[PDB]
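S.K.: sharing an experimental structure here, sequence included.
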Amino acid sequence: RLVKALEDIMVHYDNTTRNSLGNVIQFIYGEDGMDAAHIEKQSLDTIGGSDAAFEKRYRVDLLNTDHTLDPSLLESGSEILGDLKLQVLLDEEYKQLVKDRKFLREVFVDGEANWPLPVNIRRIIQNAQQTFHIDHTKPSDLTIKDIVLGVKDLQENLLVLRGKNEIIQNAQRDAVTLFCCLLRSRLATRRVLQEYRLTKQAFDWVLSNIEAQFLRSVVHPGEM
Amino acid sequence: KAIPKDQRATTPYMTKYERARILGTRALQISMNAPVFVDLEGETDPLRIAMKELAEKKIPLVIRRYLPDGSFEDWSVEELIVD
Amino acid sequence: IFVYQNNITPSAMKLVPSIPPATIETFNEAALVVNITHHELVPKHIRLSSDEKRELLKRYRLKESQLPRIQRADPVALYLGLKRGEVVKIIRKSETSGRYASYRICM
Amino acid sequence: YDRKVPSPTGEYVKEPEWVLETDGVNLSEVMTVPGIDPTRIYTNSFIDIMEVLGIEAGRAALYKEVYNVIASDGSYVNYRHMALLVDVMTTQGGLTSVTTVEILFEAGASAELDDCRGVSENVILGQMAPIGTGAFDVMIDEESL
Amino acid sequence: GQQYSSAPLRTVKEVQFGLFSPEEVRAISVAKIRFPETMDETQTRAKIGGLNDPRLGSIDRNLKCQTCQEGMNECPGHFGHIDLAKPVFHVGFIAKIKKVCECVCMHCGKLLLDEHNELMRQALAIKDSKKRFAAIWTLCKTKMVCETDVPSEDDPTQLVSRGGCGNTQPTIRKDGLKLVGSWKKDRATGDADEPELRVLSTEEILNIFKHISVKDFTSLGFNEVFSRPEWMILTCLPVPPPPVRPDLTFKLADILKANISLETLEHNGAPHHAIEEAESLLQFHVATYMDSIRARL
Amino acid sequence: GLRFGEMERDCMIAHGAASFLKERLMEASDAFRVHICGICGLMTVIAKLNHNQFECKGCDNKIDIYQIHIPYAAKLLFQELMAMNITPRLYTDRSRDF
Ligand SMILES: [Zn+2]
Ligand SMILES: [Zn+2]
Ligand SMILES: [Zn+2]
């Protein structure tokens, strides 16, 4: 009986899910436009943890000698101590990590951090680390702006809906919110330099891959 | 009721279903002695030919995608990204 | 809006749709002792302007009958005083996208 | 019961709470009892959930009844499949259950318009069904060199 | 059929169901089918301009109809017609015809309940046209009068007028292929006991249906273009070509024997009751014809 | 067993295999061809293929016409339904006059 009731629902090339009448059952399939074969359980890091621990891991304060990026992390490290306009960006990234954590604690009241999402970022990073033979003993040549603005730009290309109007834009941004929290938590500045140690070249490859993989997770029109 | 080439809002990636149906329509025609567009660097098997065709982007076909309300977009095989 | 303590009469309640355009809504008090739109399972329902609605339809390219429905006497619809033909946007939390919006049109 | 809740320093902790559980249901009235939290009251009767709190809150109850069934056996099915079901059950605004010549006569008199998207109708007509591989048309690319 | 057609070729994307009005049936006919015979002009075992070739099909090998030619094989079949001396019910809809009858006033043809009622304004709102008919019929089957004045929503000291008439309504019963009305004046007080049974001729039903408002029959699930109520009553009857018949001719024969002799009676002047009984054999043979065409397969 | 029933069909729908589903559930009952008025979708069209004349007597129309191919069973099925005063009208277009 369930097969007879659902048999006609299909995904359409607008990404909507509809019955044989064309009625809308869902405005995007699964609320996220993904195929469930391309989704894996990942932990959303912002959500858990004490407030002290979250601010050791993610806060970069370039105006403070205790709380900046050690210069062994980064080639620019000496030169960014006390720099005021980088610290504006980095404040903006932290404010976004902070909101992220609050948002997610309202979504997941319980605190459950592990949830299926597309694009297994940890395994892309571990690959980048093998593939670029990455020495944990050398500052990286990544810059602050490379990270910060590179991660913002990537979000603009994780596309599930493509319509030029506002409405479709909002839908697009709502579709990709939770993946974008996972993303900003994983590629935040202090993690990229201090935990992952990426180079520029590795980091650039991490991104372009997250993007290809994300795009290949989108469900295909026509699926029943 | 047709949607101009610009302004197209559906994916630029080919879907598994389009891919399957392409390869298979083209191998049907290869199988009935239709002219081939690609170098047979050995292959005798029509599906396999077809796929080399798809890979060299030499399959001159167009996918007409209907939207639920009757309107449609035309995407050429050439242009669809194959991932 | 008129709130009453335990009933109205078969023929009182007949005086209600009665002075168009001006509408009249009745509530038992007990239904109001608790605010149901504060309950965790009830997500945020937002009445769209008739413009909003025009836009919604144009961008999905839908007819009105292709939208999901909410009935006139749905509790939340009573609570927001919706009228037939009006659309709410429902914005819900979602374990797969975090946020998701859907829409129902009143019947 | 244990309830995971953020602690003053930010990490999640257990905090036990007493909870009551009943045989029988009267949601509209028990909701109103002084001393309870009316925002977190529940019942496994998703019909009553829809009658008092509305279609959306019914949808979410219904999902959570179906999920419970599936998980109580110990298995795990991705969200979207049970989401789809539950949407189909609640898109007309209520909870709708999912469980020949004669009929064509009725079609006649009603002026039934068959959309022709199903697999049987397409079979009778000698066609493919606009599903999957049939949900687009393939055409000869006269625009190419 | 390996021969060529300049008519562009396409798949079917929509099927639209309805009924054939008698206009459209006369409209796409070739032949008027009147004699009920195959072959022998007096006595020539060859072909007759009356049933069988009068422009529809052909066994014969002859790549011939009415300048549409092609083989006894790539010919669709063409469609015949037979004008019917009297209206008869379509057997398939007797029970529908009976329920419409129960929702409409049987003198003016106007819906027994309307906007002013309310239990009926909820039934009118229903979207599914099957559940809507269902629901309005449930509210009207009861209604034994065609009101004139009715309490309005508003300040009920006052009444308000509707399309009126005031006539009492039968209680209708099914007695095979005949519908039977029974009128009263009350439910047994003073003023009038003993109903007045009386059969509902096709004739009058068909006439009441033709008087029902587009608004009103739409409200009942019918459609102004594809399906009007009146088309449930046959007046003009489609004659399939020989592709359809593999012994259904033996039965349309017998229709015409009956159509021929209902007309030769109406012609002769002839008693009320003979005309009626010939009317009823017409009906039975038209009904037998289709309840036989439940041969689909 | 050794069949292809309701459940098998459903699996093939899930995979999206429409061509397979059409091949397997067809008739070999041949694809008969037929002309169809585009106004009244009926198989009423008189097709003079040799002098190239196509008319709907009744829709008064010789421009809007199509060809279709359908199983013979279906061409019967439909003429059966016309015999019973039901119109099963085949249109080539979905979205209409509007
Ligand atoms: Zn012919
Ligand atoms: Zn009347
Ligand atoms: Zn026509």
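M.R.: Perfect, I can see it now. Numbering: from 1, shown residues only, chains lettered A, B, ... in the order given. Ligands and ions are numbered 1, 2, ... in the order given.
S.K.: part of a strand, is residue B:74?
M.R.: Yes. Under the criterion used here (DSSP: H, G, I helix; E, B strand; the rest coil), residue B:74 sits inside a strand.
S.K.: tell me how far it lies from residue B:61.
M.R.: Using Cβ to Cβ, to the nearest Å, we find residue B:74 at a distance of 11 Å from residue B:61. In this view, the C-beta of every residue, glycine as well, is placed from N, C-alpha and C.
S.K.: mutual contacts of those two, please.
M.R.: With Cβ atoms under 8 Å, 6 or more residues apart in numbering or on different chains applied, the overlap between the contact sets of residue B:74 and residue B:61 consists of residue D:139.
S.K.: and stretch C:7-24, anywhere near chain E?
M.R.: Yes. Using Cβ under 8 Å from any Cβ of the partner chain, we find that stretch C:7-24 touches chain E at C:11, C:14, C:15, C:17, C:18.
S.K.: turn the residues you listed into a markdown table, including distance to chain B and neighbour count.
M.R.: As requested, these are exported to a markdown table (distance: Cβ to the nearest Cβ, whole Å; neighbours: other Cβ atoms under 10 Å in any protein chain shown):
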| residue | distance to chain B | neighbour count |
| --- | --- | --- |
| C:11 | 47 | 9 |
| C:14 | 43 | 17 |
| C:15 | 44 | 15 |
| C:17 | 35 | 12 |
| C:18 | 40 | 13 |
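S.K.: so which of those sit within helices?
M.R.: Under the assignment DSSP state H, the residues of stretch C:7-24 next to chain E contribute nothing to helices.
S.K.: so which bits of chain B are right by chain D?
M.R.: Counting by Cβ under 8 Å from any Cβ, the positions of chain B adjacent to chain D are B:17-18, B:20-22, B:25, B:60-66, B:74, B:76-78.
S.K.: what about 10 Å?
M.R.: Counting by Cβ under 10 Å from any Cβ of the partner chain, the residues of chain B close to chain D are B:15-22, B:24-26, B:58-66, B:72-78.
S.K.: list buried residues within these.
M.R.: B:15, B:17-22, B:24, B:26, B:59-63, B:65-66, B:72-77 (16 or more other Cβ atoms under 10 Å in any protein chain shown).
S.K.: after the biggest helix by length in chain B, which helix or strand is next?
M.R.: Scanning chain B for the helix with the most residues, using DSSP H, yields helix B:16-31. Stepping forward along the backbone from helix B:16-31, the first helix or strand reached (DSSP states H and E) is helix B:46-55.
S.K.: which parts of that next one are buried?
M.R.: For helix B:46-55, using 16+ other Cβ under 10 Å, the buried residues are B:46, B:49, B:50, B:51, B:52, B:53, B:54.
S.K.: cool, stretch D:137-145 as well?
M.R.: Judged by neighbour count using 16+ other Cβ under 10 Å, the buried positions of stretch D:137-145 are D:137, D:138.
S.K.: do that stretch and chain E meet at all?
M.R.: Yes. For stretch D:137-145 and chain E, the contact criterion (Cβ under 10 Å from any Cβ) is met by residue D:137.
S.K.: now do the same end-to-end measure for that stretch.
M.R.: Length of stretch D:137-145, first residue to last, Cα to Cα, to the nearest Å: 21 Å.
S.K.: around chain F, pick out the residues from chain A.
M.R.: Taking Cβ under 10 Å from any Cβ as the test, the list of chain A residues beside chain F reads A:3, A:4, A:7, A:8, A:10, A:22, A:220, A:222, A:223, A:224.
S.K.: which members of these occur in strands, if any?
M.R.: In this view, these that belong to strands under DSSP state E are residue A:10.
S.K.: which among the residues of chain A next to chain F count as buried?
M.R.: By neighbour count, with 16+ other Cβ under 10 Å, the residues of chain A next to chain F hold A:7, A:8, A:10, A:22, A:220, A:222, A:223, A:224 as buried.
S.K.: quick one on the thing from earlier: now, which of the residues of stretch C:7-24 next to chain E sits nearest ligand 3?
M.R.: If you rank the residues of stretch C:7-24 next to chain E by distance to ligand 3 using Cβ to the ion, residue C:17 comes first, at 46.9 Å.
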